[PDB]
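In structure tokens, one chain follows: the form solved without the ligand.
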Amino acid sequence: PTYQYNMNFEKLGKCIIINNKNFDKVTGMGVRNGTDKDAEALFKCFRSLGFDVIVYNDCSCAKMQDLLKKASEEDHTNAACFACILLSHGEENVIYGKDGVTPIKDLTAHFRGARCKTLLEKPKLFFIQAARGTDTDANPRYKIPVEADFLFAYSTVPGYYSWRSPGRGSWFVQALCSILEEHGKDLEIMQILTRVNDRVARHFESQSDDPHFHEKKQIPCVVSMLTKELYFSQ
């Protein structure tokens, strides 16, 4: 209890959702079908958790940057924590805007104590569902502001198939939401996210020798600098 973040605040905090579905053809990236379904789930889910959710769509690089900076400049004094979720295309250390590419570390750095005193000693959660596109990544969180109270959940797992409407949705993202609804108010985040890792990991039906399940195995990556346990409830 002196081992978990103080959640006795006016409000839980803000939850920013960047939903990037469409991209300029100059980037070579295609439509991210299924992203809308993830967005829909996430916002409903975090809303339920008690977050004040904002959803942005098809943002430019400048758009994402000004977006987060401004947020890192608001007064988070009456908030317990802060959450940001990025849904787009990604390449080692980068995420796509519709017009180009920006480094994730710049997107998150805005919230480092130095430049956001109002969220000091407060958990800052980043859930990224990027994925190379149209054998995993690295760990040295250098493409992340290594500072206390920061937590990243990077996917990279692709939303592989999809006919359409409402689309199936990304695995990682749907797992997250599913668990976060059923247990959002009982489990600690690392519990939530560990259950998530497992769930997407199982989607690759173990190590099947069947020429139908043989593929690029992937799993989310959880990076924690949290200094206390995180519960969203009472």
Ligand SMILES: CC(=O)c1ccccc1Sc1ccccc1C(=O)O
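So that there is no doubt, residue numbering starts at 1 and follows the sequence shown.
From this point on, the text means the form solved in complex with the ligand, which you will not see here.
#### Entry: Result of superposing the ligand in the entry with it bound onto shown chain, 2.4 Å backbone or C-beta criterion
The pocket is blocked.
### Query
Any chance all of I104, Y154 and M225 sit within 4.5 Å of the ligand in the entry with it bound, going by non-hydrogen atoms?
Yes: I104, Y154 and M225 each sit within 4.5 Å of the ligand in the entry with it bound.
### Query
So which of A109, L125, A71, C116 reaches within 4.5 angstroms of the ligand in the entry with it bound, heavy atom to heavy atom?
It is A109.
### Message
Residue-level question: is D99 within 4.5 Å of the ligand in the entry with it bound, judged on heavy atoms?
### Response
It does not: once the ligand is placed as it appears in the entry with it bound, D99 has no heavy atom within 4.5 Å of it.
### Message
Using a 4.5 angstroms cut-off on non-hydrogen atoms, would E121 count as touching the ligand in the entry with it bound?
### Response
Close contact is absent here: in the entry with it bound, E121 is far from the ligand, nothing within 4.5 Å, heavy atoms only.
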